[PDB]
There are 2 protein chains.
Amino acid sequence: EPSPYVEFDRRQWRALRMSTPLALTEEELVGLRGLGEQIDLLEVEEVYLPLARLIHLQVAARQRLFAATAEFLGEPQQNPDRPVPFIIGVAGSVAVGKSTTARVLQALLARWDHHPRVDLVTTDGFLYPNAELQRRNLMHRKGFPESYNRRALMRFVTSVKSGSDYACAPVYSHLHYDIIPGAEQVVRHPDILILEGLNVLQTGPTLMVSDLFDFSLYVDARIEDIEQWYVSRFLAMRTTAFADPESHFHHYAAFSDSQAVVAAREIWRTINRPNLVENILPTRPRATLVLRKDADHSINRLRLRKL
Amino acid sequence: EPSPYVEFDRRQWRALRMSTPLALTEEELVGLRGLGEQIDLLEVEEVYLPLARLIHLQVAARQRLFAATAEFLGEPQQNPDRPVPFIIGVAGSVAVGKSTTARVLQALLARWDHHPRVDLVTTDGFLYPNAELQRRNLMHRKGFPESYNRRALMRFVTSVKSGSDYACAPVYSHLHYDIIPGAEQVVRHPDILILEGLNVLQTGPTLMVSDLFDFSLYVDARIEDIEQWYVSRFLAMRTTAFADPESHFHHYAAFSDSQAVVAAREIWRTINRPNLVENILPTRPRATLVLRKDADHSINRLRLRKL
Ligand SMILES: CCCCCCCCCNC(=O)CCNC(=O)[C@@H](O)C(C)(C)CO
Ligand SMILES: CCCCCCCCCNC(=O)CCNC(=O)[C@@H](O)C(C)(C)CO
């Protein structure tokens, strides 16, 4: 029986790297690396370089596609110094490490001949404010589709891709657990915009941000390991983030491995776990590429959508 | 505020026709034309020719896209005498005339230089059998997503597009109101396959037939007119189809304009009307092109997805 997907294991995938140049320092990789992640330059070579190569084979191609419609509409040929922005979506659960994947991926595409203007945006700033969430009773549902201003989010990506000179996005504070007043992230006609989020790949009764993606990644892993990674790093933050007297969750810092584990499992169970199962996982089937990680965070298997 | 769509009126749309050749006879157009439809060669010129032109600007482009992945995967360059099939979906309510739109569209792309092998398939044969529908209690829900073997339907389009030499599809009898035993529609590596159906554009928790479309059309109209067109042609069939003593609905032939109108409105109200409102219309937002028809069946407005 035929399939739209083709699957590899690093052995295979790492080959397609061809001769793609590794433009990343190990100290540079570390500044993109997040607490918990095991990513090293090897993986960046055997996994991110082929991805980088792949993506570039399509940025030019996906171009000959807007051209076609331009040529159809009887329109000039926009400045090759400003074509249509390439949209990439990175999706996956909390703690799966999609955020590092996105940061790394940006660093790569960024330092790639030309001088590509690769921008990265997380759907975080598109969360309604704690006060707005309280009004809607969603304070315990952050991460769920309805806790985001998907209306605003669409205008953003739509704007950018439709060739605008600048689009603004709100900013979220993880320390203060809320959207920052006045904060603005301005994105000016990138060449490639990477949108990172949980349900970014979701679909609905209306054109959504995923309908604008030209390529998408879905970092994956057994729901059982993610919980581990989630909990494990809840504890780990007792001495990093929660340590700041300014943190909203500074109270978690004094917890014990035990108390913390209870706390962590409960949040996972009541929030992130459900959200992953009923919202994020059902989008996995339509991601250009899935990055399957082993319990050790190692990406040892991939799934590409050929169709 | 920017939009993914650009809208035209025939005046504008008909221009993009450029110099596309009209290879259709009025007698030929008539054999594609269905009871109720007002389509004439003019419309075929001012509306279908630009569409034909547009589509061809992308068939070649959407190609440079599978190529990219082929070049990435380190694969040869398949016979240019068998590339990847172009998939087009035509969607819309019952009686809107999407079926003629699909037939016409095939005739055009068919007679277009080269010798394109343009195949047309309706999701009809993918309906479970009356006996299977009875088992699931769906005999009064034909047309609804769950009255179709979408599993089988996907394997079909997936198969074809993944470069198979032949895929088989069941056949539906409108006269006998059921799937025909043993009937087979064999489609052999087309160049362009057109899939016509109601929810073909629908989306779900799994990769669907719409995720394989390279271009899609959605024939549209006010829900109030469609009802008119629906009813109006229920009556009209009393003397055409229902006239056959072999028809399942031969009983409708003797009805009176009145009885028939009641019968028609009831079916519309209890079946097609709901289905259109809760299933077909919510897919309209993501069709490459929408064909908006006026109460006179005239397509006097269009909406193209540029993004
Ligand atoms: C309570 C902090 C524990 C942090 C350890 C894991 C990383 C943060 C995940 N946060 C939680 O799972 C608690 C509920 N808070 C949310 O879902 C939102 O803020 C997220 C999903 C982070 C916005 O993207
Ligand atoms: C009852 C026949 C009246 C025919 C006049 C309109 C054209 C046929 C529409 N049929 C009806 O609306 C009755 C319920 N039958 C169905 O939805 C399925 O067979 C359809 C939708 C036709 C399969 O595509």
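The chain as shown is numbered from 1 upward.
Recorded method is X-ray crystallography, 3.0 Å.
In case you wondered, yes, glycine gets a Cβ from its N, Cα and C as well.
Straight from Swiss-Prot, the features:
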type    : residues                                                               : note
BINDING : B:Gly92, B:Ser93, B:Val94, B:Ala95, B:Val96, B:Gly97, B:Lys98, B:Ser99 : ATP binding site
Where B:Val96 (ATP binding site) sits in the secondary structure, as DSSP reduces it to three classes: coil
Among B:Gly92, B:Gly97, the one of these binding-site residues whose Cβ has the fewest neighbouring Cβ atoms within 10 Å: B:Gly97
Shell of the ATP site beyond B:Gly92, B:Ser93, B:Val94, B:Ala95, B:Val96, B:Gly97, B:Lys98, B:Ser99, same chain only (C-beta within 8 angstroms of their C-beta centre): B:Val219, B:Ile226
B:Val94, B:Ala95 as binding-site residues, winner by CB count within 10 A: B:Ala95
Distance-selected binding-site residues near ligand 2 (C-beta under 6 Å), from B:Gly92, B:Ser93, B:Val96, B:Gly97, B:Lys98: none
Tertiary neighbours of B:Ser93 (ATP binding site) (same chain, Cβ under 8 Å, six or more apart): B:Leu198, B:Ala221, B:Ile223, B:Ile226, B:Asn272, B:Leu276, B:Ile280
Neighbourhood of B:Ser99 (ATP binding site) by C-beta distance under 8 A, where only residues 6 or more apart in the same chain count: B:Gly34, B:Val90, B:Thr122, B:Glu196
Cβ neighbour count within 10 Å of B:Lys98 (ATP binding site): 24
